[PDB]
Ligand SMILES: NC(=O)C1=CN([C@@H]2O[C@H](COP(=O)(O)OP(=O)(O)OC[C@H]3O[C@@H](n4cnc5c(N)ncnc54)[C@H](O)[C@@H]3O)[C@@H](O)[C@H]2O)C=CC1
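Below you will find one chain, with nothing else, as structure tokens; this is the form solved without this ligand, and questions on how it binds or moves follow later.
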């Protein structure tokens, strides 16, 4: 582990499930003081939780003031809350398309905007944004999702450049990870039959050079590294946690 994360105040958005939850759980294991900002209840959890809608600037600011005055500081902000729906730019309603941008992008902008003034009062604060391997190689009929993930990269670089050297800001670009959302994605394609869903997830896993999809904990490992002093000279980049997906051309060669 990273001993410097102990006792540090860490905020994770959208951590009541999946990747966000594995991230919150890793920081708890690192001895940090973790606060989950999300609309859903994480139920039984080793970390604190605050009902908060990341797209509601008034709720976000208030939740961040509560954390700072209650804890005394904020060292790490992990922007993770996000969503996805499918459809061509032609069929998906404009409302649904803007909503995806609002959650996946504006939610990061709001949390970052209000947390930064408090974070820079701490020693070496760090922000980690969860993007996607789709900030590079993309999927079909995911216009809004793909756009928001590219936008997150731009926000990450600009925050990194605007606040260096006091604060660092990096992104994590995961490929297919074993989460409920990915489970839903499979289902929306092969039905509710959980065994077919397993064959589907397996097909995706085999497209990754590592021959399997990733685990939430593996994304959390990258987040913990980037948030620690071990990444002291690392800022403005995306650490790809994709089992080699982004460097693989789907073209066979003689074996």
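Positions refer to the first chain, counted from 1.
Note that the form deposited with this ligand bound isn't included here; everything after this is about it.
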Notebook entry, point to check: Within 4.5 Å of this ligand in the deposited complex, heavy atoms considered, which of 39, 210, 188, 62?
Noted result: 39
Margin query: Looking at 222, 67, 52, 197 here, can you tell me which has any non-hydrogen atom within 4.5 angstroms of this ligand in the deposited complex?
Written below: 52
Note to self: So, residue 125 and this ligand: in the deposited complex, are they within 4.5 Å at any heavy atom pair?
What the structure shows: no
Check: Would residue 165 count as touching this ligand in the deposited complex under a 4.5 Å heavy atom rule?
Finding: no
Note to self: So, residue 16 and this ligand: in the deposited complex, are they within 4.5 Å at any heavy atom pair?
What the structure shows: yes
Margin query: Using a 4.5 angstroms cut-off on non-hydrogen atoms, would residue 95 count as touching this ligand in the deposited complex?
Written below: no
Checklist line | Interface segment, criterion being heavy atoms within 4.5 Å of this ligand in the deposited complex, picked from 131-139, 111-119, 154-162, 69-77 | finding: 131-139
Next item on the list: For the stretch 70-97, return the residues whose heavy atoms include at least one within 4.5 Å of this ligand in the deposited complex, in the order they occur.
Entry: 80, 81, 82, 83
